[PDB]
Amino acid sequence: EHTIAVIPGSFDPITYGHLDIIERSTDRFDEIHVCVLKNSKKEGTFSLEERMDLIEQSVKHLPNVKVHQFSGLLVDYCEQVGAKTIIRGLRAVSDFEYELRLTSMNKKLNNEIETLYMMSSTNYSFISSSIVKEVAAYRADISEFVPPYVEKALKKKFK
């Protein structure tokens, strides 16, 4: 736990897109911290507690990953726990631009943390929590987009 990397998100719910990025980070750091965003406030569809648990179960095959939640600022978290790096994924141009502005502000707020970006794998580049929820609501097959324990909590939620 000399190096620690943080992978932030709402994860509402975690998907195989998220998972890929976490899997492709596990062997490059001593520790991974998947940080879940609190309130904040933003409506639906899984509470904090459920989102954490879903994440915990999709990553239990990965010893160096831990799951936490923060209120404050993502850089304050990183500083709190000794993390020098933040990891995020880029699917698209829109991801890229949104990310440039957030990473700019993060650099001003603390110069000592870097954000490093990985491209989505091509299998997972159209996957959002939003679009998975959309298709789940109409009872479609989601087994290719989300881990099994998440598949269940969606079916459970959407009838």
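Numbering starts at 1 and runs along the sequence shown.
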- Query: Looking at the other compared entries that model both neighbours, is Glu114 missing coordinates in at least a third of them?
  - Reply: no
- Task: Compare the other PDB entries of this protein and indicate whether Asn39 is left unmodelled in at least a third of them.
- Result: yes
- Hey, which bit's got the bigger mean C-alpha B factor in the entry, 39-47 or 115-123? 39-47
- Item | CA B-factor placement of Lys156, once the chain's modelled residues are sorted into thirds | middle
- Sorting the chain's modelled residues by C-alpha B-factor, tell me whether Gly82 ends up in the lowest, middle or highest third. middle
- Item | Chain third (lowest, middle, highest) by recorded CA B-factor, residue given as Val65 | middle
- Give the position of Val34 by CA B-factor within its chain, expressed as the lowest, middle or highest third. lowest
- Task: Sorting the chain's modelled residues by C-alpha B-factor, tell me whether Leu90 ends up in the lowest, middle or highest third.
- Result: lowest
